[PDB]
Structure formats: C-alpha cells, structure tokens
Amino acid sequence: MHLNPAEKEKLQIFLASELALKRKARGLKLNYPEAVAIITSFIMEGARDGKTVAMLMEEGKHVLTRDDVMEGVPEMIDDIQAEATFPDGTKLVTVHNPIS
Amino acid sequence: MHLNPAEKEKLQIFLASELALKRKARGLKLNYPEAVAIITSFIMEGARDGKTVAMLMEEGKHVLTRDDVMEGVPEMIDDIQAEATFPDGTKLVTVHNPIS
Amino acid sequence: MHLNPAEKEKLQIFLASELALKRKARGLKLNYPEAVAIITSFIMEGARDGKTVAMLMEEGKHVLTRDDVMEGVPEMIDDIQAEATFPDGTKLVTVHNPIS
Amino acid sequence: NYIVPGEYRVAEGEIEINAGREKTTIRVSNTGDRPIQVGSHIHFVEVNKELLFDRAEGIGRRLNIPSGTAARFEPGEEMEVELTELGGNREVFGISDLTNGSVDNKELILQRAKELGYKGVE
Amino acid sequence: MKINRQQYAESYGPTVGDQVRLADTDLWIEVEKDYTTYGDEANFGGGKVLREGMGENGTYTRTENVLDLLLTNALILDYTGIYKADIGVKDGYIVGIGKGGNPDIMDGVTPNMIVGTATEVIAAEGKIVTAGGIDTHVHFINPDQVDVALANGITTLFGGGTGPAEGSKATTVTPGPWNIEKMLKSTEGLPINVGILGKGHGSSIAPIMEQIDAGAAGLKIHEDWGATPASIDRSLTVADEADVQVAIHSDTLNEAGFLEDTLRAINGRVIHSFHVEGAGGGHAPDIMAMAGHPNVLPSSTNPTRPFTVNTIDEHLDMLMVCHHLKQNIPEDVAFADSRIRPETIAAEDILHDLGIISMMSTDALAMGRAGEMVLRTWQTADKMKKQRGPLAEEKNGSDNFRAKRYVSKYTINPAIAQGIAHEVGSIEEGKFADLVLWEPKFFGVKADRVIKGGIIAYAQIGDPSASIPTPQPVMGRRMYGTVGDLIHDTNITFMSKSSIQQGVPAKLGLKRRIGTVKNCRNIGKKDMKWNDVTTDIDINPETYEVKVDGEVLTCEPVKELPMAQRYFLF
Amino acid sequence: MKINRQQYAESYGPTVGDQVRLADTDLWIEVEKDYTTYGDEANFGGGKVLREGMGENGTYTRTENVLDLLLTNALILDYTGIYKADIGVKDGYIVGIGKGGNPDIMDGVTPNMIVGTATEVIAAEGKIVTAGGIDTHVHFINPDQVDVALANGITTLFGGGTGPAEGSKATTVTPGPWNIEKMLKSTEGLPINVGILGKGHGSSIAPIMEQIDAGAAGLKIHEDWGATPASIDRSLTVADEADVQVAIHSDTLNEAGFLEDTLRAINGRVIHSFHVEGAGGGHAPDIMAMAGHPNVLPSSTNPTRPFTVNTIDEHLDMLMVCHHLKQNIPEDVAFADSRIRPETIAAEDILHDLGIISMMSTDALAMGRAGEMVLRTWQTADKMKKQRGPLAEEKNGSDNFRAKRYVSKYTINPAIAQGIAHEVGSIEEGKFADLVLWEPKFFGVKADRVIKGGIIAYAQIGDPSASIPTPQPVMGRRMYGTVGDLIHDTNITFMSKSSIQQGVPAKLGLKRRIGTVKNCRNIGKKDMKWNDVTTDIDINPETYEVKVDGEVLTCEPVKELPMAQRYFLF
Ligand SMILES: [Ag+]
Ligand SMILES: [Ag+]
Ligand SMILES: [Ag+]
Ligand SMILES: [Ag+]
Ligand code: NI
Ligand code: NI
Ligand code: NI
Ligand code: NI
Ligand SMILES: [O-]
Ligand SMILES: [O-]
C-alpha cells in the first residue's frame, strides 16, 4: 500500500466517523469528538469524490445540525479543518461554524 | 477531536469488534481475541448509551454463547474488563465468565 | 485480547479495505492503495475462513478487474503478498498480477 | 442556563486604552501605488517614506489604537488618524534608524528623515 | 478611545472582574487583578506589538533582563491567586510574573521581563494557565501511563514500581538499592518529573536507609509488605533523619492494631496518608479519621472522586477483581463490605470541600486513573457547588475561593508534602517552568500544551503533514521537549540529600536535572494551602457514618457529571 | 551474444538512450551515459556476480580500495547528469561513482570501488537514485513532521522553532542562546540532518550575533518580529561576519518601506528570499520581483505549487485561518486580496520553468506541507511541459533539461544557498551518502529507501512478522539508521564556524556529526545550478500582472495533477 504517516493517521478519522455514525443511528445525541470526526471524514471523502474546496466549504455546514449533538457542542466547534488529496493534489478545507 | 492516548487505543477495540462481527455474520465460530473484542466493545458502547455498570455486568454475560465460539474459548475467558465514560464519568466494568 | 504487533498492524489493512469498499460502492474507480487494501484483506479473511493457499492464489485474481480501478493501477500491481493464520498456522499467500 | 463550555461572562463597562496620555489627530496620505498598513506600536515618524504627513508630529508617538491592530492606507488614500504618546523611557532604537536614542532629539530625527526622503519634513 | 469588555476579552483574554466558566461545569472563576497597562498589551503575530523597536527590545543581549520565553496575557489559576499577567521564563524557570515587553516605549514593563532577540512567544490570551499537576500516588507499571498523565496536565510523578511486577502492581514501591538504581536509569527516558519511593518496611534501620542513600526520594509503608508498628516506626525514624516523606497505606485488616495503634506508632511524626477515605486501602472502617490530625498530610486517590450512582457497584467489583475475592467465601464478602462504604465516600466529597482532605492523586494502574486527577478534582468541586451551594467565603457570585482550594489539592499541596515545593507545584517566581495551557472549554479535561522546564513537552495538535498544525486529526502528541537530549534539561529527577551528596547521579550517569527533596519533617496540616483544617473526625463503627463537629456528613451520589460524555470518544 | 534492450533494462535497469517515465506524469528522463562494461554488470543474489573470487574480491582488507556499500546499477538523476552507474560509499560518504566489482576478473572497475569482504550491497537496478532533498524553510513545530519529510525523500531540514509555540508556528526562528542550545540537544534525537536559524532581529549587533556563537547555522528575518530596515541591516552585517545565510520574509504591510526599501537595506548583500511569490508572505503585491536580482537566492514554498483550480479558494481561506482574519473587517478583506493573487501564482509556475526561481522548500506546518516539496516540484514541471511544451534546450524527445533544472530546486540549490553544499545536496564523490531510492512508478511520491550517511534510515517495507519483508502492510518505517547511537553517525547538525570554534558541540554533549556552514556570502543567483537567470521582473501595482522582457507571464490553473489520487489513501 506504501502508507505514509498521514495516510496511517487519517485512517483513524474515518474509523472514528464510522463509530460516531453508528452512535447517531441508534439515536444518541453526538458529543464533541464524534461530531468533529463525522464532519472531518465527510470532507476527506468529499475530496476523494472530486468535489471542490468551495463545495465542501458549503456542504460541511449541513452535515450535522444542533439537534444531532449535545448541548454546547455547536458552540465548542469554531471550525473544522482537514487536508485531503483532491484531483488537483492536497488542499486544505476549513468548514467554519459547521453546526448551527 | 483532541484524542487522548486511551481514546486512540480504544478505537482499535471497536475496529476489532466490527471485524469479529463480520466473521460471525458469515458463519464462523469465533476465536479468543474475536470474542473478547466483541464483548469489550459491547461494554464500551453500552456505557456510551448510558446504561449502568450493573446493567452491563448482566448483559455482558449474554452477548455470546458457547455455540458462537470455538471449543475451549469459553474456558479461556475468565472475565472481560473495560473502562469507559458513563454519564457519571469513567467507570470500570468487569463481566465475569461472559461465555457459558 | 493479547494483541501482538502483527495483529495490531493488520487491523489497519482491514480498516483500509472497508474504506475502499465504501468508495467502490459509491461508484469511484479505485486507486493503488485502495486496490491493494481490498485484495489484501480478502486474502486474510479467506485464510480466516479456512480456504487453502491454492484457493486464494486463484480467487485473488478475480476480486477486482481493470474497470474497478484507475488507469495504470493494474500495471502498478505486480503482486500482492499477505501472511495470515490458516487452520494449519501462518502461511504466505502471493497473488500474482491480481488485476488484468 | 444553556451551557456554553468555557464561555465568558464579562463585567460591565469599557476599557480605556493609553489612558492619561496626550492624543493628537493628524492627516496622512499614502502617496505610493501599493497599500501600507501601520501597526499600533511603530514609532509613527519612522513609517514608510511614501506616507506624507507632518513628520514632526509623529515623533515620540504611535497610533492610538488597540494593541496589535493596524491603520490601513490604500494606494492614494488620505485620512486622519489619532496618535498617542510613547511611554516607558521614550526612546526608540532600530526600526528605520531615525531615532536610535531619546525621542526628544527632534531636530536630529527630522534631519535624518529629510536626508533619507521620509515625506513631510518641513 | 475605549474598547467594550466583550471585544477586549475576545482579543486579550478577560480582565479584572470578568468571569470564565470552567469547561462545562457550573464553576466560574473571576479575574482578581491584572498586571497589564491597557493599550500596551503584548501580543505576537503579523503587524502585532512584539516586533523589533516596538514591543520587542532590539538592544539587549540575553543576559540583560531579556526572557527566553514570554507567555502573553495568561489567566493564571493558582493557590496564590486568579489573575491576569504575562509570564516570563528564563533558564527553564519562571523569572517574572507581570508585564512583558519593551521599556523603550511601554509603560509598566516588569524590569526583568524584556522581550528581546532571545525571546520565544507563546500566546496565552484566552487560555487558563496552571502549574503542572503533582501526582504523588503513582505506580510505575506501564510506561504508556506517562502520556496519559501529560494529556490531563500532570507534570510530576512521585511513587514507585519496576513495571508490572506484582509488588509494583499493588504498592508504590521500588525496593532496595538495585531496583532503585535501575528505575533511576529508566527515568532518564520518561518525559515527566519523577521521584521514587523505597519500601518503608523492616525492623532494622539499615535495610530501609540504604534505599534513601541509593537514590529514593521517600518511602511507602504498604499493608501488602506488613504495615506493622515496627515498619511504621523504622520508616519514620529513617525519614526524620533523611528529610524525606513517608506515604502510608495502613493495615486494613486491623491485624496488628486499629487506627489508634497506627497513630501511636507514628507518634506525632509527619506522614502522608494515601487514599485517606479508605476504599483504596486502610484500617477498616475508620481510616479517614487520619485526616483530622495535625501531623497527617491527607490525600485521596481518584476513583471515589466524586461520589456517583455507579461508584459503589463499580468499586465492590473492582475490589473483588483487584483482591481476587470469592463471593462464596463469607470472609471475602465481609471484607469487601467493611472496605467499600457509601457513608465514607459521600463524606469524602464534603471533607474535600471543607479543606480537611488536602490533596488529590491518582493511584495510577493499581487502583486509580493516571489521567484523571485534575479531571475529578473539578468534577468534585462542581458537585459540591450544586449540593452545598457557594461556600461562605465566596463573593461576587464567583467560585474563586473553591477554585483556589481545589487547584491547591493537585498542585501546591502534594509538592509541599513531598518536600519539592521549592522547585514545583505553583506559578511563582523562582520555580521551575512546568506550565499547562488550557482552553477554558477543555479546562481540566484535556490540556492544550504542557511546558516542561520552559519547553513544550506535550500538545494537542493536528496533522503533521498539513500546511498548518490545526487540521485533523488533533490528538495529544510528544513535542520537541521530549526528544533527544532535551528530555534531560526539561525534567527533574527528585532525590534524597544523602544520595545527592554521595554522588549517585554521577555514579549512574544521570543527565536529568537533579532536584533535592527537603523540608518534609517540619510541616503539618497547617502547611496545606487552603486545606489546613484539623478536627475530630468520628466514624461510627456500626453504621460508618462520619461526624465532624457533631454533624453527620452525607450527600447524595449524582447520576451525571460535567467533563464526561461531552468530551470523550470512549 | 546479444540481449535485446527490453530484457536488458528489465534485468539491469535502463542503459544509454532508454527513457523512463517519472511516476504518472508526462515527463521522461533519458540515460545520458552508462559507466558499466556490458557483461560485467554487478548484481547480488543466489548464483549472481558479487561472490567471492568472482565479482567480489576476496583478497583486500577494507582500507585497500574496498567499499562499505555498493548501490548496483543506479539510474542517477542529479543536477550533474542523468546517467547509469554503480555508487560506492565508505565511511558514510560517496567515494566512487562508476563501476564496482573485482579488478581480478572484471574490466573497467573504478579503482576505489572494489566489492570486498567489507561490502554491503543495495540493488538499485530499475530504481532512480537522487540526492536527499534539502528543505530550507522548516518550522520545528511537531516532531511527527520528520517521518513525513523522510517519506517524500527529504534528508536535511533547515529552519527554526521550539515546537508549537506561536513564535515558531509563524516563523522559522529558534530565538536566543538558550532556545538554540535546547533545540541542538533535541536535534540529537531527530533522524534527519538539521540546521537551526536564529532570530534575524535587533538594532544592536550583539543580541543577534550571540545566537550564531550559541550554535545557530543562519538567521531568519520575519515580518512578525519586525522586518524593518534596521533588523534587515544588522542581520546581514552579522551574516557577512559569521559566514551564514539569512532568510527573509519581508514586510507584507509595507509598513516601514516598499520592496525598493527592503532592497536598499539589503544593499547588494547575499540573501535567501523565502516564498518569493508572496502568498506565504512579503511586500504586497510585488515581492516576487526579488527573484530578478543577482544577490537574491529565491525560493518558493510549496502550497502555491503548482497553480490549480482549488489553489485560490484554498489560499484565501488558509490565510483567513492562519491570520485570524474577519470577513466583516474591510481592511482584512483588502489585505487578503492584496496577498493571495492568481496573477503572481500563475507567473510563479512560469518563473520556475524559466530558471528564475531557483529553489523549492516546504514552509512545513506554518504555511506549507512537510512531505510535498519533492512531490510538487515534479507536478509543476509536468504542468509546464503540458502548457509550454518541451523547453528549447531539450533534445531526443526527453525532458532531461527540465528534469535537471527541477531536481536542482530541492537538492543542490538549497545546499548552496545555505553554505552546506560541500557536504550535501548532490550525488558527487566526496559528499555525504544521503541517497534516496525511488521505484519509477512512485518517483517523487513515496521514497522506497532513504539512506542517511550510508545506512538506511527510512523504508517503505511490510509486515515485520512475515517470512519476507514485502507482505502487507507496506508502510514507511524508521530503520536501523535511526536506532540507538547510530542516529548520531548517520546525521549532521550544521552549525556556524564560530560556535564550532567555541566548542559548543562538546559544551552541550552533541554526538551527531557536526557540519560547518561556510561560503554563503560570496555567492549569488549566478551560483544556482540550472536556475541562474537574473532579469527585470515587473509587477503591475494595479492589475498584479507579471512581466519579464516585456511579456506578460500567465498560464491557466489545472483541474487535475499527476502524483495525486492514483497514489494517496487520503
Ligand atoms: Ag486489592
Ligand atoms: Ag485495589
Ligand atoms: Ag497568517
Ligand atoms: Ag500563513
Ligand atoms: Ni494503597
Ligand atoms: Ni496505590
Ligand atoms: Ni514566511
Ligand atoms: Ni515559514
Ligand atoms: O493504593
Ligand atoms: O512562511
């Protein structure tokens, strides 16, 4: 596979997102690291799909809403940042205030 | 996400449990680390759901039965211990003799 | 669970394979590390199922075809090697030219 | 009582910056074709040569703006800014090398400024 | 010109009279004073104030009043106060608390806090800064426990052990000269301060004393080695001579004496009482009465902290597992019931709130959680505010009094008890620069950055392959302070005066900073900051109810805690 | 007997006139010459040629012309050429490039390239071998960044920082004697070459100079510390005396001068211009005109490399995040628009292609990607071939001219600029054996094996529990070169002559190889291999269009790059 250090690390994010989605599917309000994991993995899979940075800046704001998460979580997350390989190389996506 | 060392480690348990459940779903009798992974992750997700220590001490004894696992596995597992964050903080759950 | 170093590492392969299969399920042509992950995990789960080395040498050549992967990927993969615990202990499987 | 983790409940009132120091309003013009942004704590007389203002009026002073903020001058832009007095020992070293000593040495600072073409020396 | 208080606090962190919520608890701390000069705040960045000729002095060499490191705009939370200041560090020590910058052009700059060419900047505006935690009940069982401790803001580990040997798995003991020497060498690679306790057991002086000469920094009396009158007495005689602390886990079984017998063997000498509530070990059922005496420095371990609906079920079973108890041996059942007691665990919450138990600690990997000393201190303070209200001493709706009482339990008081407060345990000038930055939203839960001897050792930081360090995954990671030889300069091995005088560090090739244990024998309860209360604690032998001043101490267990499920992935 | 060219290339790697595709780009390199004697190729394995009495000499002791290590059949890609040779290493240095084996029985063996009893063999047939990359814009923010760098073939990190302190998070600066000493000790544990830059700021000489004496290997002028005329001048005076390089990130805000003012303060002295395009920092909008001057050694950082459809959206937002810009402050919006410019980023692609920007570098963790210097160099070369065609200078359909121009940007030119090219930066005899093997399919994307001082430090290798090392999972891993004391012998700490003369390595107990920084003050643009072009660069203040020789430089952003989604898991 020739995994580099970032590839190894970022597998963890996907895993944490899978864990969080299962917790959401069974009706739990999500906590801070769960919410972050979900939106992060969304951004990285969006890049893998070939979406643009601009698209993911919009979409990332609608992945989770306040009724998906515990009290206070929306306000704890100022932004979520992730770098992933787009069709035009690594780029940084920042989703600002992802959860209102 | 601000993962601490235990958060990073315990993601592994969930992953091993997912792997084991797939192996069970396709009809395999489970081995020692598979069985342990399954019950462990059950306890940790039970805590995340807000069950009590007492509930998980009971339930953990019915997650797998001897016909789910290989010969000898029931006797290899004296107990399974896991710590997880309950609504009232980290607590230790021990499931004694989980598989008869 | 008593995970040894290889058990810990090889959980990563399964995880990468799950990630790759999701990407394939949503219609993406798979890349080099995705393709390798998928076939590798297939071999290791095949060993867990109790298939023989000979069976997996055949099957591994049909897990993915060129229309599943990006241009050039078939030619980048000369073989895929994996060691796993068969009913008769650890053995090495090499799948030669897995993707035509 | 919705809980925002780590939130502030700030007290009432306002914070006055640079309290008790003399303030001065001057007009300043960016005569250059590229933008100039000036920070709160640069000795005002030592700013970019192409800013035109009464250079004498920048001696011993800096912008009267919150610590760490800046005044921005677009190309061709003229506007008024307010200055406050430098504090401490009232000495400046380095920056554009116009002072390297007490800010009291007004003629020496102006003479250096004029020879190097800092605009607005009388 | 004026700035409104909201914008001010957003740009520079809060100022006098502003309050900040601790994580998601009900606890509020209030800025008591501020060392700044409004308008001359130091800050670092593009176009900011710490630039040459401006807030940074361009004239002075490092020796001339210039700092190695300035923490700008810190909100300090410390037994000495809750207030706003810049913190200056030089040669690995806190040299100035006050106002940093450049006296060329700024008013009010503390004379030795010049930002010069030699100065590194850490922005602390909007952060809370505390001393690193001092955990004095550590079992050295698994080296992975160190990052766990660092991630919850612990910077010093005092205890004992040789790894997962049964002796070490039950007791904070590194026994004898050779084990002590081996662990001193092992300590060379642990990125945290360390002090090692020898075995406080024997009936002759020499077998005990030789551990102190070998390099131990104190002793542990543990019932598993025979917490008898003789072991207690000899250890205390050794400690009074060597000037080191003795920790005790007393005879739970009452085999050779009851609590009054242990107190008689101690004979008024100074001693640190470990897990004084007793679930963690000690004379059944009344060990907690230790915490009333003037010669006892009392600590809790963390799993009883605070009292919750799962506590008793968890502890009964934890004890069964730990002790290998059998449910069909009535003596084991009687033992567990005499040891795990809601009456004493509920009272423990209140004794903490009253300043009668002076210290927290973990009991890491033997019967407590390496990364939850700080976490559970605040959870306790929060539960006590909910159930007992703001304390009498409070004012202006703030919880400052409780905050200082509680922050003292894991910073300054364990340092004092151990004889190491000249070096660590508080944010004061002249002490080692072990500092923890916390975002207020994460306060007490997950440290932002842990500074060890003036260099960051541990940080919550993101993708190392990214353009900036904030992208995911943000996780706790060892920093440059832990790498190479810098691990030696950023950490202290605490040792007895005699081992230092005898040249043990050179004998063993230790390259870490060597700290001297001292002034442990001439202190008492009165020396515990904000937690100095001595009183007659009565524990009813029949019902286990705890009385102080004629009044039963009880509270309810809570179903839910702050600093829990909002934060943790597992 | 004759072998067809296909089979020959499959067995021994390509030979004269054969071409090889670089990864999945359109770029082809052609073997320019070959040192072998056909039929006497060296190879190692069962029944192969490097065996005692045959291709391995059985007579000579190590001192007698025998190698420690032979790389057989390497395709070298280097500013000195693209050609086929064996590479011989001894005492950690490249001692012979040519033909290795046994003069007993082989023709054409280079006299000092005997394979003897002392010789280790690495098979390079079918691999491309380059010098290790030299990254001269490194922020030391997170130690995890080192493996990231190694995995993309970087072997030297020059820059500054003390970990994730704000000063270090913005600037490549290890400030003052104590921080510099601490990072020199930390460097003892980093498995990569390192050079440390001090703070290039002050208005007196001594506060700056003492950093050089303390062990700094150069200085960084950064606007965040006040890139004023005085700081610029004093740093350059210090550097001309100490013989070290100065890097500059100039005054973006034009606060104290415009570009012509910074040039006047530099006054014809030698200087390294960092992220010369300016998205990474510098006089708005015209900093890139620096790259036209004879005394400027110009580098780009990597995130603008090359110009793509996501670049501008990514950078506008990256700048907002990095600078904490607010969209409802018009000055912040004006600032971002004056700084992030498609006109200068598009021209940057072309200036690289024309040999006017001489160097790449990362800007690791501050505004650039630690593991993508090499990656993005080739992506740029590939985009330029697509949009501008093969360069005039090319012949035989190969891209050799562009390949040498581009490989120079991250190997030899940063070494020259830093004053360290006597030690590192190219595959030449007498230089340190920092070598990267690449499978051509992975070229520039993921290094196969990274050799540091003659020992493998890092490799893409598989299951350590397997019968052979190739089974999954194949991932980048530290090798024996990084372990134990060998980390000292395989890596260099570069330091100033004065700190070396003053005995700083012994003072601090540094055990790493010590390299001397020198010959940095008497070089210019003309000294940049294949990238030596000086010219009047005009940047229109109103439209930001870039002109050179009367001609506007522009190109389109691409939607897709090679060395991207075919390779990466995320
Ligand atoms: Ag026990
Ligand atoms: Ag126990
Ligand atoms: Ag920025
Ligand atoms: Ag930036
Ligand atoms: Ni105990
Ligand atoms: Ni203990
Ligand atoms: Ni820069
Ligand atoms: Ni930089
Ligand atoms: O204990
Ligand atoms: O930069």
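What you see below is based on every heavy atom in this structure, not just the backbone, and it leaves out hydrogens, waters and symmetry mates. Residue numbers begin at 1 in each chain, while the letters A, B, ... track the order of the sequences. Start at 1 and go down the list; that is how both ligands and their atoms are numbered.
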If I compare all heavy atoms of [X] with all of [Y], which pair ends up nearest, and what's the gap?
| X | Y | answer |
| --- | --- | --- |
| F:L219 | F:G200 | CB-CA, 4.1 Å |
| E:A364 | E:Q145 | CB-NE2, 3.8 Å |
| F:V244 | F:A217 | CB-O, 3.6 Å |

Side chain to side chain donor-acceptor pair (under 3.5 Å) partners for [X], two or more places apart:
| X | value |
| --- | --- |
| F:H315 | none |
| F:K169 | F:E166 |
| F:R305 | F:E348, F:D349, F:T380 |

Atoms of type N/O/S from protein, distance to the Ni ion (ligand 7) below 2.8 Å: 2
